[PDB]
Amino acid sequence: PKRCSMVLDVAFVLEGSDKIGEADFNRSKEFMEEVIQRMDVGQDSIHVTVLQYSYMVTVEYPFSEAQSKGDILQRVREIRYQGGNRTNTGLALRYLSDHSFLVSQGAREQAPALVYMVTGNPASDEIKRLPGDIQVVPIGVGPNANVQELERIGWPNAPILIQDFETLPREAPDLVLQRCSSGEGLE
C-alpha cells in the first residue's frame, strides 16, 4: 500500500452544503478518515487540519491542536454535516491562506503546505488567487463540478475527478497518497 511519511502540513476541506447532502458528506468523511489512517500522522511527521464549508467555513480541527492520529480521527467522527445553502469555495480558500496555514495557528514554517479539497458544485462566490506556497489538489466529485474552475484553483495540480461520492472512499485515497508521497499527480 502506498505510504506518505514526511514533514508536511495537510489540510482537508470538505463541502458540506445541502447540494452535497448528509449521505454524500458522510462518504466524504469516510474518504478523509481512510486517508488520515494511511498517512503517517504524528508530531514529527504529517500534521492535519480539517475544514468544512458551505454558507460559512468551520475549522473542525486546527494545526495548533494535538497532532496524533487518534485525536484527529476522533474529532473527525464528531464532525457534523452543516447542510448550508451556499458553496462558498472562495471563502474556504481565503481561510487556508489567511488563517489555517499561519504559524500563529499551528502551521510549521519549514513544512510544505498541501490541501485536498472535496467539492461537488460550482463556487457560489469569488475565488481569488492563492499564494503558490499553498498547494491545492481539488477533488471534483460528480457531474456538477466546475472542472475549469478546479483546474485554475489547482494549478500546477490536476484536479482528481471522481464519478460519484460512492466511489470516492474506494478510489481516491490511493490517488491522494501517491500525490502526498511523490509531490505530483499521475502520468
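Position 1 is the first residue in the sequence shown; the rest follow in order.
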Of 168-176 and 9-17, which one has the bigger average CA B-factor?
168-176
94-102 versus 78-86: which one carries the higher mean Cα B factor per the record?
78-86
Report the option among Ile36, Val57, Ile127, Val137 whose CA atom has the maximum B-factor in the deposited record.
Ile127
By the CA temperature factor listed in this entry, which of these ranks top: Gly154, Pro62, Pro131, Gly120?
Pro131
What third of the chain does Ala113 rank in for C-alpha temperature factor, lowest, middle or highest?
middle
For the chain shown, is the CA B-factor of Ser68 in the lowest, middle or highest third of its modelled residues?
highest
Tell me, lowest, middle or highest third: where does the Cα B factor of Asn146 rank within its chain?
middle
Relative C-alpha B-factor of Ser28, binned into the chain's lowest, middle or highest third:
middle
